[PDB]
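> Sharing a structure, written as structure tokens. Questions coming.
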There are 2 protein chains.
Amino acid sequence: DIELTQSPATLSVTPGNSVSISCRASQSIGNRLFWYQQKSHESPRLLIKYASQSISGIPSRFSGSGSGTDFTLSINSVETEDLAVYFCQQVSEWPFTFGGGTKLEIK
Amino acid sequence: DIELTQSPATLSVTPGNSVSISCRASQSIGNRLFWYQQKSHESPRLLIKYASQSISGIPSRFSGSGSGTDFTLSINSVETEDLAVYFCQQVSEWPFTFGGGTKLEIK
């Protein structure tokens, strides 16, 4: 089962800052990593597909990069509405497995 | 973490047949289990909340049951439009873990 380690666990910034969230796979999964946001009492929302492709309708401030085993999510200039947990997901090999999550707090 | 195991990985049916998808928690989580459907690389659609409460307006052929460790999503009379990957997520204790997914294939 491919394992996904996210970092950090939590982080705090004020609005306007940039943040990067990392996710590493225990083996090469190529570009087959998706990133999701989930705010409390909400279903997950897909931000990025295939490591670096953004979804129609999500802000240009989200982007991703990476391939093989190291992947990062960037939010350039976070907004207060970005307060959420973010997790990665591999779709390379079943069972499809998820990172443990990163809490973004916007102080 | 509370681990969720989903079964099967994929299954195949012909339209009109009935289908059962399972998701097992390693520890008791009562009714605290959400089911999702994803028809493509997109944000998940929430089908069932709290094990067995169907979301207003989803087809009546969908239902969920279970409380504790053993959860079942049932589609009673599949339509070809139901081709998707289904996931369960527990929402009982952090981190809110996900099953490995099940791909419904329609002969």
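Each chain in the structure tokens gets a letter, A, B, ..., in the order shown, and its residues are numbered from 1; ligands are numbered from 1 in order too.
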Any idea which chain B residues end up within 12 Å of chain A if we count only C-alpha atoms, as an MDAnalysis selection string please?
chainID B and resid 1:10 34:38 40:49 85:91 94:103
> Would you mind listing what lies within 9 Å of residue A:17 as a list in words, with only C-alpha atoms counted and same-chain residues fewer than 4 positions away left out?
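Listing them by chain and then by number gives residues 13, 75, 76, 77, 78 and 79 of chain A.
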> Now that the selection is made, can you save its residues with N, CA and C atoms as an mmCIF file, in the first residue's frame?

data_model
loop_
_atom_site.group_PDB
_atom_site.id
_atom_site.type_symbol
_atom_site.label_atom_id
_atom_site.label_comp_id
_atom_site.auth_asym_id
_atom_site.auth_seq_id
_atom_site.Cartn_x
_atom_site.Cartn_y
_atom_site.Cartn_z
ATOM 1 N N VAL A 13 -0.268 31.368 9.358
ATOM 2 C CA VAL A 13 0.230 32.552 8.652
ATOM 3 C C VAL A 13 -0.862 33.599 8.783
ATOM 4 N N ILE A 75 0.015 27.889 -2.125
ATOM 5 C CA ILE A 75 -0.987 28.936 -2.135
ATOM 6 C C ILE A 75 -0.213 30.239 -2.045
ATOM 7 N N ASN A 76 -0.199 30.977 -3.150
ATOM 8 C CA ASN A 76 0.463 32.278 -3.190
ATOM 9 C C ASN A 76 -0.490 33.289 -2.618
ATOM 10 N N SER A 77 -0.143 33.887 -1.495
ATOM 11 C CA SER A 77 -1.050 34.858 -0.911
ATOM 12 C C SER A 77 -2.365 34.217 -0.447
ATOM 13 N N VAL A 78 -2.319 33.549 0.701
ATOM 14 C CA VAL A 78 -3.501 32.923 1.280
ATOM 15 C C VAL A 78 -4.585 33.932 1.642
ATOM 16 N N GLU A 79 -5.833 33.484 1.581
ATOM 17 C CA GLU A 79 -6.973 34.317 1.920
ATOM 18 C C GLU A 79 -7.585 33.747 3.168
#
> I need the residue nearest residue A:39 from this list: A:61, A:73, A:81, A:12. Use only C-alpha atoms for the distance.
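Comparing A:61, A:73, A:81, A:12 against residue A:39, the winner is A:81.
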> What's the separation between atom CA of residue A:28 and atom CA of residue A:92, in Å to one decimal place?
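For atom CA of residue A:28 relative to atom CA of residue A:92, the distance reads 9.0 Å.
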> Calculate how many Å separate atom CA of residue A:29 from atom CA of residue B:23, rounding to one decimal.
24.8 Å
> Using DSSP assignments from the backbone, pull out every residue in chain A that falls under strand (DSSP E) and give it to me as a ChimeraX atom specification.
/A:4-7,10-13,19-25,33-38,45-49,53-54,62-67,70-75,84-90,102-106
> For the selection you just gave me, I'd like the residues written to a file as a compact mmCIF listing (two decimals), in the first residue's frame, keeping C-alpha atoms.

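selection35.txt, freshly written:
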# COMPACT_ATOMS: atom_id res chain seq x y z
CA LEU A 4 1.79 9.36 1.77
CA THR A 5 3.54 11.59 4.35
CA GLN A 6 2.41 15.21 4.55
CA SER A 7 4.29 18.08 6.15
CA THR A 10 -0.30 22.36 11.06
CA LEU A 11 0.80 25.83 10.03
CA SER A 12 -0.21 29.43 10.73
CA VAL A 13 0.23 32.55 8.65
CA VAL A 19 2.48 28.56 2.03
CA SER A 20 3.70 25.27 0.67
CA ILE A 21 2.44 21.90 1.80
CA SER A 22 4.48 18.86 1.00
CA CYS A 23 3.42 15.28 0.34
CA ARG A 24 5.80 12.39 -0.27
CA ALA A 25 5.01 8.91 -1.51
CA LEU A 33 -1.27 12.77 -7.10
CA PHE A 34 -4.43 14.78 -6.49
CA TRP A 35 -4.80 17.57 -3.90
CA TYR A 36 -8.03 18.28 -2.01
CA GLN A 37 -9.27 20.98 0.37
CA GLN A 38 -11.81 20.08 3.07
CA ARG A 45 -13.00 19.92 -3.05
CA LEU A 46 -10.46 18.91 -5.70
CA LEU A 47 -7.79 21.61 -6.25
CA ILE A 48 -5.19 19.98 -8.43
CA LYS A 49 -5.19 16.86 -10.57
CA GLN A 53 -3.14 20.66 -13.26
CA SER A 54 -5.56 23.10 -11.68
CA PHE A 62 -3.34 27.45 -5.88
CA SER A 63 -0.73 25.53 -7.83
CA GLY A 64 1.18 22.29 -7.51
CA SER A 65 4.40 20.77 -8.62
CA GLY A 66 6.33 17.59 -8.32
CA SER A 67 6.76 14.15 -9.76
CA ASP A 70 7.86 14.59 -3.86
CA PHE A 71 4.95 16.89 -4.39
CA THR A 72 4.02 20.31 -3.05
CA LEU A 73 0.92 22.44 -2.96
CA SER A 74 1.46 26.22 -3.07
CA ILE A 75 -0.99 28.94 -2.14
CA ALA A 84 -9.06 24.36 5.91
CA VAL A 85 -7.33 21.00 5.90
CA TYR A 86 -5.52 19.96 2.75
CA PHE A 87 -4.60 16.40 1.83
CA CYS A 88 -3.03 14.58 -1.10
CA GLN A 89 -4.22 11.29 -2.60
CA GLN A 90 -2.47 8.85 -4.85
CA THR A 102 -2.31 19.60 7.10
CA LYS A 103 -4.25 22.18 9.09
CA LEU A 104 -3.81 25.69 7.66
CA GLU A 105 -4.74 28.29 10.27
CA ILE A 106 -5.01 31.90 9.11
> For atom CA of residue B:60 and atom CA of residue B:31, quote the distance in Å rounded to one decimal.
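So the answer is 20.0 Å.
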